[PDB]
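Chemist: Residue numbers (my numbering), protein chains in the order written: chain A, 43 to 91; chain B, 43 to 91; chain C, 260 to 346; chain D, 11 to 295; chain E, 1492 to 1786; chain F, 31 to 320; chain G, 1420 to 1712; chain H, 7 to 349; chain I, 2 to 50.
We put the beta carbon where it would ideally sit given N, CA and C, even for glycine.
Okay, here's the structure, questions in a sec.
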Amino acid sequence: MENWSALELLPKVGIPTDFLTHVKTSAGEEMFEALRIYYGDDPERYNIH
Amino acid sequence: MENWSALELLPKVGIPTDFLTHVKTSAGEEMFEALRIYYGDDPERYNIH
Amino acid sequence: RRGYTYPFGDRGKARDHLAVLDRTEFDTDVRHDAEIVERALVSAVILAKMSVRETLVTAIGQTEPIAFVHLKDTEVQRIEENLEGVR
Amino acid sequence: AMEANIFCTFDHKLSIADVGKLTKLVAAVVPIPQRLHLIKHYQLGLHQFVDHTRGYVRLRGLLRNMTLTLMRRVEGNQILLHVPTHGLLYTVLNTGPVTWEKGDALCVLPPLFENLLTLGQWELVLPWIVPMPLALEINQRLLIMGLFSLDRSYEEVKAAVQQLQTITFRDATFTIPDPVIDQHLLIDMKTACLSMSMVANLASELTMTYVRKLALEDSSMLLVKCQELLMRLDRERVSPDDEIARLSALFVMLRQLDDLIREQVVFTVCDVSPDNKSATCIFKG
Amino acid sequence: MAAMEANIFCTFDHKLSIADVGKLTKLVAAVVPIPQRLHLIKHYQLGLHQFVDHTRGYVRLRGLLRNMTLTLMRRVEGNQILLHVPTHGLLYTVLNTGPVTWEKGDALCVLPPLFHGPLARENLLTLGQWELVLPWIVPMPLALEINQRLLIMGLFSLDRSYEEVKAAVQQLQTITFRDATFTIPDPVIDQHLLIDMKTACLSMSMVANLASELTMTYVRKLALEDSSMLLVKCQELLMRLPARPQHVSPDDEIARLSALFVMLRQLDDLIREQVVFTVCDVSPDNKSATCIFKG
Amino acid sequence: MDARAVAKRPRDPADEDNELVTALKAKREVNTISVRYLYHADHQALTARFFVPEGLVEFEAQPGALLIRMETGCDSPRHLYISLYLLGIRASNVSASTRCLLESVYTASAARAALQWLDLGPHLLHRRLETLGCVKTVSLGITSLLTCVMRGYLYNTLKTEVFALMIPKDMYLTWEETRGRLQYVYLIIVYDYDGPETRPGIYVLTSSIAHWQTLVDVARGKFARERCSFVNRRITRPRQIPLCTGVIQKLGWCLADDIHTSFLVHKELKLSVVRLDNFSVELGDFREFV
Amino acid sequence: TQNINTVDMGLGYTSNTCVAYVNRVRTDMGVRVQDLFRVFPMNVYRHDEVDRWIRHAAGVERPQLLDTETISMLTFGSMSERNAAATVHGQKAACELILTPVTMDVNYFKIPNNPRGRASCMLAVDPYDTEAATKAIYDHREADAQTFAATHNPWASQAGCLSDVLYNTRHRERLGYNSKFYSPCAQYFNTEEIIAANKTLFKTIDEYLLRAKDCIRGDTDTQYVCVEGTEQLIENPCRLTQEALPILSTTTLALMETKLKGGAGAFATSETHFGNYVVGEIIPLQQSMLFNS
Amino acid sequence: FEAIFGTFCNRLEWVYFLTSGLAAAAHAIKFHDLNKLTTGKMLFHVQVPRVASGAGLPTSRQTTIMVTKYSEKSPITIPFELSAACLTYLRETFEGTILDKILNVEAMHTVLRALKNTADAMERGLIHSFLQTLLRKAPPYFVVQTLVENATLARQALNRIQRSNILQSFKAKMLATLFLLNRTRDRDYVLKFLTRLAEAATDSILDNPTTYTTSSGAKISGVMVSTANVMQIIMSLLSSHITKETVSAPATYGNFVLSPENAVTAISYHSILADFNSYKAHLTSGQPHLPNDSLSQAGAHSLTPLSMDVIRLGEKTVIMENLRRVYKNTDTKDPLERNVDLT
Amino acid sequence: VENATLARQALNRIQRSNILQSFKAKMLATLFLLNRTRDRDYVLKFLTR
């Protein structure tokens, strides 16, 4: 549980991303706590309250 | 649940306060939606985290 | 049973007379049964006269007579002679 | 931006009263035989299909063929008709004998009974828009009245028909016309009744032979019960080419029933007002 | 996930010739079925050829074609094809391919192709033992006749000799419709027809059990006081054998008629094909029509 | 009528200024109402609003409930708009624990009266229920208002979020090991002819089968016991004519990957549901099968 | 559409209101009793002849409902009394009768009092103490807060007495009552609403401003309760104080005549002859206030 | 022949919320991001005074009481319908004949009329919604006067006996003053009753000394609003105290705007602190008191003069108004014309 | 005048019964004005009304 919409909206610093294994394998095999996946274009970031 | 400690730390606007009845009477007879009453000096406002 | 399926034009009076025809039961006492039989026959004769679209007594204080509906003359005569023999 | 309307013209000259009479029908359901861009006034409505030997069955079958259009605009020398497209929302005038309510499924029926517009030997007879249950009940009433048509010498049968004839719906009662006029039944209703009776009669004799053989095999143990029921109805009371002929006859009679057995939904309702004369509906093809 | 595609591009995984692209261009506006909607598909999944099989049943082919997806053909490019899956209720331009005449205002159905006359035409796409067999778009009366005759063949097959069924299948095969004769290929009694036979028997039996004495006796009573070619013909098809009706109740009669309507819908759905297009135009050469899609 | 006008691309309806903007610009008037953008102007969903008492709107306050119109026997409140949840108290396939949960939620005169009006008449359910769309908006009140979708997607005013259709778990049916891409949603009511009173089952089925006869074949296979019950009642009980073993009507389409499981919380009670994440409403009429 | 948000800038009540003027009575101020046969339409006597005879004597018609579905509809709520041909005295204010022992204290009626015979104002009870609220309302081994007797009407102040089952809405709906008909006794006898209204002082007055109000149809002859949102909610001070006001009544035409002969303020006094009495009104409504303007 | 003399139209007079005298009770603010926020809170911090005690007696602890007040929502809505005929004539032209131009102009004027009537209806709806909220928080005379009379004695939650006295006073003042103007027309009694109503209401925490002040004299302390009949009766009674005045009122709404810091905190925390920078500067400078409140800061800049009646009630100048013009010829009932029940 | 503000609609039964009551009351009250009163304030109010 994090503010994923804030991560989508707020500016970000670009880095080269070095996963040893595949990003979807790192995500699927639960390397990271607090994971959020979506496909296509999820419109909920446009919801501000 | 209100953040009373910020209310204590933040700057405030000094107003002439007018209750028809005693403050303790309008607090005790539930005029207000949210209340916090404490006696003495409550250290809660000092632990910023 | 036959009366409920019949297409009476005005079902209200039909169903009232069918209810009084439904309720009649003998209470195992000699004197009561003749009067309950008379009531049941009044209802049934009204219902039969309704079915054949014929007139019926509307005058207040009157009551439909206990009479055969559309039986032939010879059979009504034979039935009444038999009833007189029972008398 | 314009829309794809149909143009209609009247050969007859119109009075101001006629034009004002048309402007009241600016949301009606006017059916047209064929998808045409410029038509004459004769092709509007059911008046072209009226005949004195055919009845409700023939006109229902003819209505199912037509193209349904809503009147859109009325002016001098022109009437503009809109042909609606499936899945879009439209305003339609209530012209039947019954009140609509939200969520209804409406279907188009031949009419069973200021006024409507006549010019010469001409008349604008618009179809009836009723909810689907009322149409189904009306069709069944008409079919049963047709089957009773040969016992009409007795008062019991006539009382039965008078009970069939009156129908009650949402806060309205009306009497449908008897398919028997001048003591004899019209040829279209006669064919409908004859086809119904023939399919019943052919099924009664044909089905047992096949049910026996196929129930021997049937793993559903349903067809055995079917054969048992057939044995019961039997108890209450062929050359191969002739078997083919009777099977063909059964299926052709069923195809004859197809016009009456099922009716299409053409709208579904969502609007309420004291103005109840109209509602907004989505169109269905 | 991915929303369903509407415009579908098809590529031929085979060296096409000039004549192949020509007879492929002639098929613009034709309706072709596909098993899987995808933006780019391969030509193997085009038409009915993938389903033709040693089973050889026509009823199997009909059942497979029913569950397929219908799409219309759009313009042809060198070795590429565009297909468009239509929407309900819109207006479309449709080409006919079978030698069956259409009329302005009739309903159309999809059925596996028959064979006509000498069966002289097989110059469609062939590409290394693959073919573009398209389904036939036929008007409703012929479709009803085809389904009805298949069901009649199946029903008659039960408890008739092998040669008797042979003769019956021979005569029921041949259909004449709008002054042209068509023949059903491979009428074969598999299990797919066996299900239809089972439901036909159940539906007929329930019709017979539901039909009232009024319904049964109408035909007999009409025959006693009316005479016509219709009546004499239909009574010649029937078995051979005033007074008041002994039971009269409109409410029972209407309840019974409603149930009988449900059963008659059950039986009709065996021969009744689903309408895919409704026609309102014909090119005077009868090569194409403008139709409303109904799916 | 010239080649330049034929070859001219159509105007964009979004680039054109509205009727209100054109009028205010024509007289160069100004209004406090803001008319530059019109909400719901580009919504392709057809919607209607239904007024319903407070007693029925439990489990419907969250967008995604299927709205069904039931006809009472009487004249004054001729129809009630009930959801698939309240209808689940009548269903036979719903487990007794779920039924107790639902009965604990719907404890108002309106809901119990709905159930009584259902069980009171002789007709079957489907000859008594008309299916409206699915719901997405609620304003609360003693007489509450629900906006319902007749044909479209379920989404916000700005389509900034798109709603799913919620199916109570015991009512959900699936009949293939692997689903195809696109699958159609059906509502099935199947009648069991056990003993004195016909017992209905209420199901919502998602299958890729669109052709009517194939669907009715697989349904006759899946509900063979109900068919046997129908014929066995017909043989054992004459003169009480039954119609239909079941009815199917189609009420939408969805994608196979948009089916997920979820729970709905109300009165601190959890009702587990199956959700159709970008449901599109497309209603048919009831088709009865035997 | 426009969104408006309001936020209150006072730490007390920054606004006051008063009932400044009155300029007609909407009701007749009559003496026409409630017709229970409309309120409880399902009840019949078990014997046809006793039922028909009593209905004839009382002037009531046979219970006319298409029984099953229309009864469920009525128990959901129904407006089943036709209007009279003409009205000259406005809306019919029907009287609800509480049976009372013939030896009830006549001084009870001379001051504003709870008509059920035992006081039930929750402002006198500690907030949220339902045990003490229930004891104050019903426990007849405890002295009534107003008069310190157990009761003045045993048939009205107890749990499940005749008027408790008649006028308490929870008992009325175990009976088959028609909800649409307004009932004057309901505010005093809906003891569960009374228990729930037992809050603190400011919560009580806020609730009085919001929810403790009546709703009566303005256009019908009879007093039908209206749903929220169709017309204005009606203030009733008797819902807070939980008392009924004594109106000028008498047992003899002589004392009424001497009231009419009397000077101003005669209506406000309550003399008595031996067995015949007058109760004077506690506010000078009828005499001066209604007819001054 | 038949003669048609003049044809006439409704030359309606408009109402604007800020021109109303009721607007005195409001501090009206315009906020463009209102569709996005759903909560508004104002936090109060108050430490009571206390008195030194004698020997052997308990002493009073210092106690801080904090309260929060939350905003309430109440949107308003009104529709207007345009027919297909006006929509097509508004946009399509046919050879430009003078009849076609007539229809085009008529469609344009129909659109304009609909927009004008709708905007006026929105002004009236704002007046109506404000009056309803203001009513729902306003207790009657007997409640507030009982509170003001019993104010001094209670020093905590009410005793059993203290609230018995509260109830007794409720009943006495309920009967005594039920329909004021019918019971008496005595000039002094009515003057003192209105002064009691004016002095009973507590002060608002927003002080805005430049708004609603009369040409010469002094600040207006409140508004007194009633039906036209009641105000005509009162003005006939107390003309000795009532005078016609010209009052300076804010010409337009005050605009509240989100700052960039506010945008950051709204994106990240779903929370906005009004006037973030004033807080941060006062927080790092070590200043315990802000000078002004964000609602006050957002107030309007311009004043316009408008003429209205005022009455003097014990060194309080309040406004007298009737809202008959808002509700005249409309389909909605005046909230101040009411029904009261007595049993 | 007194009843004007109470209905923007066709009068219902109660409203017109109130109208009737007012008719009768005022008819009895003001039938021979100058013979009943000579009060300067009352006649000025009457003429103003």
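For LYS1632(G), which residues from the same chain have a beta carbon less than 7 Å from its beta carbon, with the 5 sequence-adjacent residues on both sides left out?
Modeler: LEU1652, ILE1653, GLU1654 and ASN1655
Chemist: Does the segment 182-194 of chain H come within contact of the segment 1437-1451 of chain G, defined as at least 3 CB pairs closer than 8 Å?
Modeler: yes
Chemist: Rounding to the nearest angstrom, what Cα-Cα distance links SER89(H) and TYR80(A) in this structure?
Modeler: 45 Å
Chemist: Closest to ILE271(F) by CA distance: which of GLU1744(E), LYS1517(E) and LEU1705(E) is it?
Modeler: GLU1744(E)
Chemist: Is there a Cβ of chain G sitting closer than 8 Å to that of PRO107(F), yes or no?
Modeler: yes
Chemist: Assuming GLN1757(E) and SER1696(E) make a contact with CB atoms under 8 Å, what is their CB distance in whole Å?
Modeler: At roughly 11 Å, the Cβ-Cβ gap does not stay under 8 Å, so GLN1757(E) and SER1696(E) are not in contact.
Chemist: Starting from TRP283(F), follow the beta strand (DSSP E) in both directions and report where the run begins and ends.
Modeler: 276-285
Chemist: With 8 Å as the threshold, decide whether the Cβ of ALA27(D) is near any Cβ in chain C.
Modeler: no
Chemist: In terms of residues, what are the limits of the alpha helix (DSSP H) holding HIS96(D)?
Modeler: Premise fails: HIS96(D) is in no alpha helix (DSSP H) and is neither H nor E.
Chemist: What residues in its chain sit with their C-beta under 7 Å from that of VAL1452(G), if we drop five residues either side in the sequence?
Modeler: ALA1513, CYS1514 and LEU1516
Chemist: Mind checking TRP1472(G): buried by the 16 CB within 10 Å criterion, or exposed?
Modeler: exposed
Chemist: Excluding five sequence neighbours on each side, which residues of the same chain lie with their C-beta closer than 8 Å to the C-beta of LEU1581(G)?
Modeler: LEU1518, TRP1574 and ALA1575
Chemist: Taking contact to mean 3 or more Cβ pairs, one atom from each stretch, closer than 8 Å, check whether the segment 1615-1635 of chain E and the segment 1704-1716 of chain E are in contact.
Modeler: no
Chemist: Between which two residues does the beta strand (DSSP E) holding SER163(D) run?
Modeler: First-last for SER163(D): undefined, no H or E at that position.
Chemist: Are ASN1695(G) and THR1677(G) closer than 8 Å when you measure CB to CB?
Modeler: Cβ distance not < 8 Å, so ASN1695(G) and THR1677(G) don't count as in contact.
Chemist: Just confirm the distance between the C-beta atoms of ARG1547(E) and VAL1679(E), as a whole number of angstroms; I'd bet it's less than 8 Å.
Modeler: About 6 Å; that satisfies the 8 Å criterion.
Chemist: Can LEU1633(E) and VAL1591(E) be called in contact, C-beta distance under 8 Å?
Modeler: yes
Chemist: Since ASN335(H) meets chain I, which of its residues come closer than 7 Å, beta carbon to beta carbon?
Modeler: Using a Cβ-Cβ cut-off of 7 Å, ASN335(H) is close to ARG9 of chain I, given in chain order.
Chemist: Whole-angstrom Cβ separation of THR152(H) and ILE172(H), contact assumed at under 8 Å?
Modeler: 6 Å
Chemist: The alpha helix (DSSP H) that contains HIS115(H), what's its start and end?
Modeler: 104-142
Chemist: For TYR1527(G), which beta-bridge partners are listed by DSSP?
Modeler: Answer by DSSP bridge pairing: none, since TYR1527(G) is not bridged.
Chemist: For the segment 25-41 of chain H against the segment 125-145 of chain H, are there 3 or more C-beta pairs whose distance is under 8 Å?
Modeler: yes
Chemist: Return the bridge partner residues of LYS1622(G) from the DSSP annotation.
Modeler: Answer is none; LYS1622(G) lacks a bridge partner.
Chemist: From this set, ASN1558(E), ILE1675(E), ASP1670(E) and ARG1651(E), which residue's C-alpha is nearest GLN1662(E)'s C-alpha?
Modeler: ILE1675(E)
Chemist: Just the Cα atoms here: how many angstroms apart are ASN13(I) and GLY262(C)?
Modeler: 49 Å
Chemist: How long is the line joining the alpha carbons of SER1497(G) and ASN89(A), rounded to whole angstroms?
Modeler: 46 Å
Chemist: With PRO256(H) as the anchor, note down where its beta strand (DSSP E) starts and where it stops.
Modeler: 248-256
Chemist: Please report the Cβ distance between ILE218(F) and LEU162(F), rounded to the nearest whole angstrom; I am assuming they are in contact, meaning their Cβ atoms lie under 8 Å.
Modeler: That pair is no contact at about 17 Å.
Chemist: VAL303(F) to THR236(F), Cα distance in whole Å?
Modeler: 14 Å
Chemist: Quick check on the burial criterion: 16 or more other C-beta atoms within 10 angstroms. Buried or exposed for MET1492(E)?
Modeler: Within a 10 Å sphere around the beta-carbon of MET1492(E) sit fewer than 16 other beta-carbons, which makes this residue exposed.
Chemist: In whole angstroms, what separates the C-alpha of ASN186(F) from that of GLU111(D)?
Modeler: 27 Å
Chemist: Check each candidate in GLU85(D), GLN193(D), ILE271(D) and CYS18(D) and name the one with the smallest Cα separation from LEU54(D).
Modeler: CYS18(D)
Chemist: Let me see if you follow: with CB-CB separation under 8 Å, is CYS117(D) close to chain F or not?
Modeler: Residue contact with chain F for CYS117(D): absent (no Cβ-Cβ distance below 8 Å to any residue of chain F).
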